[PDB]
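First, one chain by itself: the form deposited in one PDB entry, in structure tokens.
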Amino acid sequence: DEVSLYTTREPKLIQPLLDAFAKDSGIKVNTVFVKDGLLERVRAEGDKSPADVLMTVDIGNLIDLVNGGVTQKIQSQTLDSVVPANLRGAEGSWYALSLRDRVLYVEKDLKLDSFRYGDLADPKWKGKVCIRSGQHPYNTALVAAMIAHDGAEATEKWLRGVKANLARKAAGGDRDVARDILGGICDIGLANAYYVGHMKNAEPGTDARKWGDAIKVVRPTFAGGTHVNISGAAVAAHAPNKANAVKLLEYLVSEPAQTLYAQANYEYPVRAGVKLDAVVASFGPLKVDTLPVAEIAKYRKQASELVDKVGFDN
């Protein structure tokens, strides 16, 4: 019969792979796009909510669904054996589907082969760093992971040193980092790797490709692995088609689905041995932080408050 996917990810990132699942399985997939307030919509629909699988971005949003009571635990050897333990919740409460690594954009010819996140605070980078608002979720997640690894005192000192090094105010978006490296305003900056997948895959004759051509990616590590946030999913608490919900979620970590899933937004697949987009592969080997990503949610509010303490966006 059917399965209903409630997703905050644009249906066009996933429709082809959902259509393949439906064709092959004979299960009709109902795609329900929920731009924001997913927790609130599912809770309000109550015990008879049609939702089977909940899909969103950011570990914090996923944990909010779990803590908000709109998921259920599942047991699946398929999911547990595919998704690394640090990227899934205990007792099958939530599961990562792709990785969103926060990396260093670097002027294409700068002599810089490797980096630790801490290096961004080195005094020698003064006037040479671009970044978006410190309060943006991409940044608060990185700060939260830094507290988890290195503690609040070290994290505050890093924030103050990075602030001091900014070439311009912490504002704009991640792609603006590439724009401003091209423009000579900065030499390096922190921004997510998938945007470089977008820019470098853009056709020549676009500003996007000009920005992509100006930079290379260096993936920093904790001084160690690279910081990742995730997209992910969970089975809804009152799923009316529970068996099909588990079938769909297991499909979403299958090799064919993962190949398409990650390529769609140039993200990194969670499943090992999946063919990467050529640009993404060019970034070189990814070492993923062993930190449980749930730690990012644990330290998120502390991180945001530290960013505000230091006046990072001033």
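Here, rigid core means the biggest group of C-alpha atoms that superpose within 1.5 Å across both forms. We number the residues from 1 along the sequence you see.
Per the record, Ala223 and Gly224 are separated by 4 to 9 deposited residues that have no coordinates. For the two regions 116 to 124 and 230 to 238, the entry's Cα B-factors average higher over 230 to 238.
Higher mean CA temperature factor, per the PDB entry, when comparing 44 to 52 with 252 to 260: 44 to 52. Within the listed group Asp289, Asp36, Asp277, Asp58, the record reports its top CA B-factor for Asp36. When the CA B factors of the chain's modelled residues are split into thirds, the value for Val270 lands in the lowest one. In this PDB entry, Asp174 carries a Cα temperature factor that places it within the lowest third of its chain's modelled residues. In this PDB entry, the Cα temperature factor of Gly89 sits in the top third of its chain's modelled residues, the highest group. Sorting the modelled residues of the chain by their CA temperature factor places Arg160 in the lowest third. The entry lists a Cα temperature factor for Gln77 that places it in the middle third of the chain's modelled residues.
We do not show the form deposited in another entry, though everything after this point is about it.
Note: rigid core superposed between this form and the one not shown; among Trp211, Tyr95, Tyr195, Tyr117, the CA shift is 2 Å or more only at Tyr95. With a cut-off of 2 Å and the rigid core superposed, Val129 has a Cα displacement that falls short of the cut-off between this form and the one not shown.
Annotation: Cα of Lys12 displaced by at least 2 Å between this form and the one not shown, core superposition. Comparing the forms between this form and the one not shown on their rigid core, the Cα displacement of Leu286 stays under 2 Å.
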